[PDB]
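Peer 1: Here's a sequence, model it:
(chains A and B, ligands or ions: 1)
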Amino acid sequence: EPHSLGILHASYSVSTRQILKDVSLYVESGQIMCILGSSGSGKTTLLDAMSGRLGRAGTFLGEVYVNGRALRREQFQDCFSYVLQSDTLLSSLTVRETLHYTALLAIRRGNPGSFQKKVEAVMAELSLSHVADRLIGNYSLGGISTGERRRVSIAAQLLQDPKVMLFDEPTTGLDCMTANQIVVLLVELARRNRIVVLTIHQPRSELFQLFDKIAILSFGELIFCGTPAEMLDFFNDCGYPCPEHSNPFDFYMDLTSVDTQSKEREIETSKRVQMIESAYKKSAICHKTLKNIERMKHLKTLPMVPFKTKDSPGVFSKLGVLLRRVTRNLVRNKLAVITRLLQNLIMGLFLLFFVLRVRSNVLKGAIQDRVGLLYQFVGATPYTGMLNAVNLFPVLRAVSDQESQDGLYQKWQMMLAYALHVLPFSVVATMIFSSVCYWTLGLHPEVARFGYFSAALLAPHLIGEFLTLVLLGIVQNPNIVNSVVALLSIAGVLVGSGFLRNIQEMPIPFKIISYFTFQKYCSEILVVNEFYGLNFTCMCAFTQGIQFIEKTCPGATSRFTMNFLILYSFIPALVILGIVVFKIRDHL
Amino acid sequence: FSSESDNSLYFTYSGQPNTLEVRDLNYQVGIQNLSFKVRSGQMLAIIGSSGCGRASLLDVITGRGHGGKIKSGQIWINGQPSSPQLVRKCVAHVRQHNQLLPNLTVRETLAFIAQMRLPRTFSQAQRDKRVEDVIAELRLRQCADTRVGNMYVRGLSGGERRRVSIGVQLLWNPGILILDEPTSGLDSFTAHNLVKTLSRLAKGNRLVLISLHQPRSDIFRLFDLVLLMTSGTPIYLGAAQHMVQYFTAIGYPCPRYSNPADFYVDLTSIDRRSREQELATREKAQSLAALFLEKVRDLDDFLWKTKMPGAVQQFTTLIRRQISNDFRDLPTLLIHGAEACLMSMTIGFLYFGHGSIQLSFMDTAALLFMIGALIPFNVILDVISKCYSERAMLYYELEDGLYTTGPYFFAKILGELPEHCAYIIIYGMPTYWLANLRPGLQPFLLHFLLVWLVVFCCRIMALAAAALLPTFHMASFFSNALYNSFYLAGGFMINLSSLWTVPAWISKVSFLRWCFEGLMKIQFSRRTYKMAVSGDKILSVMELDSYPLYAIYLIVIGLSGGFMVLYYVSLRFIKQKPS
Ligand SMILES: CC(C)CCC[C@@H](C)[C@H]1CC[C@H]2[C@@H]3CC=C4C[C@@H](O)CC[C@]4(C)[C@H]3CC[C@]12C
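Peer 2: Residues are numbered from 1 along each chain as shown, chains lettered A, B, ... in the order given. Next comes the structure:
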């Protein structure tokens, strides 16, 4: 099985400079290739070229051959594994769980018993079967270690059994031992009929005699590619021996990078680069590469199928994975469930701290106190719902995005899972809040009064959280979305509800943009639940409560059935918008 | 090879080589036992293990480390025992991650510091000589007149920021200049040429110390003295070009085509993943240390092979440097200008009292309360946000001691008023005109001034919360609690007379209530109001009668007064830890 990966040519440009030039490479099964390069080498870009994770953002006129056969742009994700240099794992799941849910998202055939065989399988090869069933958690002494995180991520990519594995700087944030351990782990994986191609920054001296092929890019041009033996010979024949106690990586890297501190040394070192690069293109090792790749094209010895193997479970089965994947992340997390359920009760206890009872006397605050409580609720109910999203969703976002490119699921399938498990807590949370201070405030004690009130504020509590998803889908920094959403709810209740500006006498646009606030219909509901059955005692204008319901939101008593259906219809609107907003995120 | 050019000295240290020696230091969380004597003219680089109580070593020697205490051992600086005075007087510390102001130039950043570091007895020409002399020695004669923008992105490069960061210590001609990770993030070519710029600094009769993790191969050839460690126990100290010989002769010699530094750093490593792994090589580290101190126990060195600027002048220097930076930051101005404008029109147009029907009474009360109660929403977040951007700067400036909490306290409160006054005008005047408010210049100004004081009072509040709580999300939560409290007890959303005793006194000191009660007294003071009715029983009905308008200004100034007392005590006693 001469299983091989090649690049007949490779080029890539943005718009309008270019980033890669005639990158021609050839790696066999069992070889671990190392790609060095200075900043702006595009070595990070070349890995993305093979895994096909660029798509069509620029122009690629290269050819990627696998098993003597050319690949279409649509079959690059269909063969290659690719892991990022900073692995994002949900912190409230164990390693078995993380691998279990990963295993669940990758295969469509059944038998859950043999899934525990494969989840257990990949934990043996990577020395994590020791720490399976253990919580991942935080850093070294208070969770799982750095290298173990790297191996959990390598396990998640091994569950799909890719035949080519591209690693981006896997030894960046690692110790002298763990980064060496990962290089050791990577060189074992390749010798097991697998292709491992990785890039390294500060390659320590020991790593040199361990890689099967080392190649250097400088501004997209391939300077060298060969074995460490072939390399030492080449630059010696070019006229640059390795100094006595110098790391050949530290030496040839400096030798083939472009110093830019001065106009004179940029012209100088580039003149030196052009001699080394051009002398390489005329090398025996360089033409040994191009002679090999098309030797692979016309040898009909081992043609093959793309790997990873395209078995895809449906959407309804995948959401169920992510639904219990995220819910177990939230409930196993003790802090967040408490905060998610109680911050409405804290909001309500703070108001009740300031105003004990309502007092039914017009002169001691019969309506002044009533208008305030409903404004604070319609105003701060969407805010607390938003705090849920800007605090707990950005981490689940980074998980979704890593796994969305890898083909576990599409980004929108993440928020729908998220959309659904916040439903029980939010419904319970506003009942924690209503049941406590409604009766204590003493608003209006009929049981039906309380029932509507609870539901009426569940919608802004869901609306404010769902709006924060659709924004976080296209705004990255959650500190901004926190600033945005809070501005919109302060704008929403200040305009939409007739409280602080009578909805009838305000200028035309504020009437217009009123009909689009979810606050308008919420208040029209809540202004009825209290002021309908009341009568006052005592300047003293209003005597019975139906009069104030007339002064603002007139006729709203007739529209009570419709005003609930409207208010609650925004919830399915945001979820649908988010789905489309996250398919736009798919391309940014 | 890299680069060759001028290597002449321009700025040297005019004193005798002051010495630093340490005899048997034991520190823990750390370091077990070290001994050496260094002199000016030398440059000692430490190699050691990765973050193994040695990036804390230059903090233990300066006496300013944390997570432990010096447990035994003596530290001598110029033959004198270590003390924070000798550390402030001798050792110029270059912090790896420090901030400079982004919209100043290399001359300006050095000059503002030079007017606070050189003695008062220096003329401006002498101080200008020292700035230019530092620039020329650090090869910054090129690019001296450019902005040192970091988030302003475009400007000087990372090697030049570092060069400017060292100059901020070279300005007062130190004898002992210690650097922590000078080659962090730097280019191979840049890291090499920066080490030479330090080699010339030690040649300028200075004692230059370097903590440095995994050196590249070219940089190891540029060390003079070198200290190789494994954790808290030292392995070898001496001339760099003989580290191969010392170690070839003691039985773990150094292979070909391998950086000795990253070869021997791994040679004494102690791993932690197993009880027997960590058992074995701490036995190797303590054993290997046990045999170098006697190979140089009989050999000495353990070497193998003026009145200052006052409070006023610093106020003058800080208030300039602050105001000089923030008025070149045109992007944040235009945005903070529009966030006032676009808002002052959102309020004005909802209550537009002209081309329609006149403002209702309760419509006029909501407007006045909102104008005051809506301003902290923007004011709190950014006043807090500006402080936390400066704590990286504020901490090392107040620690090294080039100014006291005194001057900065007055510099911090006044450098924002030039900005503050524009922000209020853009926010205050448009809302007054759009909504049909009580006409005349006299009402208009009193309206403007109370809002100016309330927002100023709020600045002093949010400014004080930022220096008093450890982190942003706690300071943000604390000022939002005050704001939420001052909003409820503001006196519009709830009745003042129906206040629980503590919300009753919360209202007494809420500057959001005095804004509402004041502006309600400016509009409805003496005018008769059109349904007419005189404004007075109107305000008496809403308990806005007592506390005449002028008291409302005194009270609000008193509220900002108390906050100032909070803020000065906060700065002087609560240290301002970054991040
Ligand atoms: C789909 C709905 C529920 C989202 C929330 C309501 C949206 C559509 C409404 C409610 C309040 C409105 C904002 C209120 C005030 C202004 C001031 C104006 O100078 C710019 C537009 C802006 C910022 C409005 C934009 C539209 C707006 C955000």
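Peer 1: Which helix or strand contains the residue most central in space within chain A?
Peer 2: Nearest residue to the geometric centre of chain A (CA atoms, centre = their mean): residue A:398, 2.3 Å. Using DSSP states H and E, residue A:398 maps to helix A:368-405.
Peer 1: what's the spacing between the very next helix or strand once past that helix and its chain's center?
Peer 2: As assigned by DSSP H and E, the chain's next helix or strand after helix A:368-405 is helix A:411-441. Here helix A:411-441 is found 23 Å from its chain centre; the criterion is CA atoms, centre = their mean, to the nearest Å.
Peer 1: coming back round to it: can you name every helix or strand that the helix holding residue A:398 contacts?
Peer 2: When contacts are defined as 3 or more CB pairs under 8 Å, 6 or more residues apart in numbering or on different chains; DSSP states H and E, helix A:368-405 packs onto helix A:315-331, helix A:334-354, helix A:411-441, helix A:447-472, helix A:478-496, helix A:518-531. Every C-beta, even on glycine, is put in place using the N, C-alpha and C of the backbone.
Peer 1: Which of the residues in it are classified as buried?
Peer 2: A:368-393, A:396-397, A:399-405 (16 or more other CB atoms under 10 Å in any protein chain shown).
Peer 1: Run the angle between it and helix A:447-472 for me.
Peer 2: Between helix A:368-405 and helix A:447-472, the angle comes out at 40 degrees (axes from the mean of the first three to the mean of the last three CA atoms, to 10 degrees).
Peer 1: outside of the helix or strand hosting residue A:184, which residues touch it?
Peer 2: Using DSSP H and E, residue A:184 falls within helix A:178-191. With contacts defined as CB atoms under 8 Å, 6 or more residues apart in numbering or on different chains, helix A:178-191 is touched by A:30-32, A:126, A:145-147, A:150-151, A:154, A:165, A:167, A:170-171, A:174, A:196, A:198, A:204, A:206-207, A:210-212, B:266.
Peer 1: Which parts of the stretch 351-500 of chain B are helices?
Peer 2: B:361-373, B:375-400, B:405-414, B:417-434, B:441-468, B:472-488 (DSSP state H, counting those that start in this stretch).
Peer 1: Three-state assignment for the residue of chain B found nearest the ligand, please.
Peer 2: For chain B and the ligand, the shortest gap (CB to the nearest ligand atom) falls at residue B:346, measuring 4.9 Å. Classification of residue B:346 by DSSP: H, G, I helix; E, B strand; the rest coil places it in helix.
Peer 1: Measure how buried it is and give me the count.
Peer 2: For residue B:346, the neighbour count with other CB atoms under 10 Å in any protein chain shown is 17.
Peer 1: any idea how far residue B:450 is from it?
Peer 2: To residue B:450, residue B:346 is 21 Å away according to CB to CB, to the nearest Å.
Peer 1: thinking again about what came up before, check contacts around the residue of chain B closest to the ligand.
Peer 2: Contact analysis of residue B:346 by CB under 8 Å, 6+ apart lists residue A:491.
Peer 1: distance of residue A:399 from residue A:165?
Peer 2: For residue A:399, the distance to residue A:165 equals 20 Å [CB to CB].
Peer 1: Kindly report the same for residue A:215.
Peer 2: Separation of residue A:215 from residue A:165 (CB to CB): 17 Å.
Peer 1: Also residue A:208?
Peer 2: From residue A:208 to residue A:165 the distance is 21 Å (CB to CB).
Peer 1: more crowded one of these two?
Peer 2: Using other CB under 10 Å, the more surrounded residue of residue A:208 and residue A:165 is residue A:165, with 22 against 18.
Peer 1: Chain B contacts on the stretch 301-450 of chain A?
Peer 2: Contact residues, the stretch 301-450 of chain A versus chain B (CB under 8 Å from any CB of the partner chain): A:350-351, A:353-356, A:359, A:364-365, A:368-369, A:371-372, A:375-376.
Peer 1: can you tell me which of these lies nearest to residue B:70?
Peer 2: When these are ranked by distance to residue B:70 (CB to CB), residue A:350 comes first, at 48.3 Å.
Peer 1: wait, doesn't the closest one sit right on residue B:484?
Peer 2: Yes - contact criterion CB atoms under 8 Å: residue A:350 and residue B:484 qualify, at 7.0 Å.
Peer 1: Setting the sequence-adjacent residues aside, check what's closest to whichever residue of the stretch 451-588 of chain A sits closest to the ligand.
Peer 2: Nearest to the ligand in the stretch 451-588 of chain A, going by CB to the nearest ligand atom, is residue A:491, at a distance of 3.7 Å. Once flanking residues are discounted, residue A:491 sits nearest to residue B:346: 7.6 Å by CB to CB, 6 or more residues apart in numbering or on different chains.
Peer 1: Quickly note the distance from the one you found to residue A:509.
Peer 2: For residue B:346 relative to residue A:509 (CB to CB), the value is 11 Å.
Peer 1: How about residue B:576?
Peer 2: 46 Å.
Peer 1: Please apply the same query to residue B:156.
Peer 2: Note on residue B:156: its distance to residue A:509, by CB to CB, is 48 Å.
Peer 1: between these two, which one's more packed in?
Peer 2: With neighbours defined as other CB under 10 Å, residue B:156 and residue A:509 compare such that residue B:156 has more, 20 against 11.
Peer 1: Next, the contact list for the more buried one, please.
Peer 2: Per CB under 8 Å, 6+ apart, neighbours of residue B:156: B:106, B:143, B:146, B:147, B:148, B:149, B:164.
Peer 1: how near is it to chain A?
Peer 2: Separation of residue B:156 from chain A (CB to the nearest CB, to the nearest Å) stands at 12 Å.
Peer 1: contacting residues around residue 210?
Peer 2: Assuming you mean chain A. So residue A:210 contacts A:32, A:183, A:187 (CB under 8 Å, 6+ apart).
Peer 1: meant chain B, my bad for not saying
Peer 2: B:43, B:44, B:45, B:46, B:178, B:179, B:182, B:198.
Peer 1: Can you list phi and psi of it for me?
Peer 2: Dihedral pair for residue B:210: phi -130, psi 120, per degrees, to the nearest 10.
Peer 1: do you know how far it is from residue B:220?
Peer 2: 12 Å.
Peer 1: Then residue B:563?
Peer 2: From residue B:563 to residue B:220 the distance is 55 Å (CB to CB).
Peer 1: Which members of the contacts of residue A:210 are classed as buried?
Peer 2: Among the contacts of residue A:210, the ones that count as buried by 16+ other CB under 10 Å are A:32, A:183, A:187.
Peer 1: TSV please, covering those residues and showing distance to residue B:12.
Peer 2: Formatted as TSV, these follow (distance: CB to CB, whole Å):
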residue	distance to residue B:12
A:32	52
A:183	46
A:187	52
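Peer 1: got the end-to-end distance for stretch B:432-449?
Peer 2: End-to-end span of stretch B:432-449 (CA to CA, to the nearest Å): 13 Å.
Peer 1: buried sites along that stretch?
Peer 2: B:432, B:434, B:435, B:436, B:437, B:438, B:443, B:444, B:446, B:447, B:448, B:449.
Peer 1: how close does the last one get to residue B:223?
Peer 2: According to CB to CB, residue B:449 and residue B:223 sit 65 Å apart.
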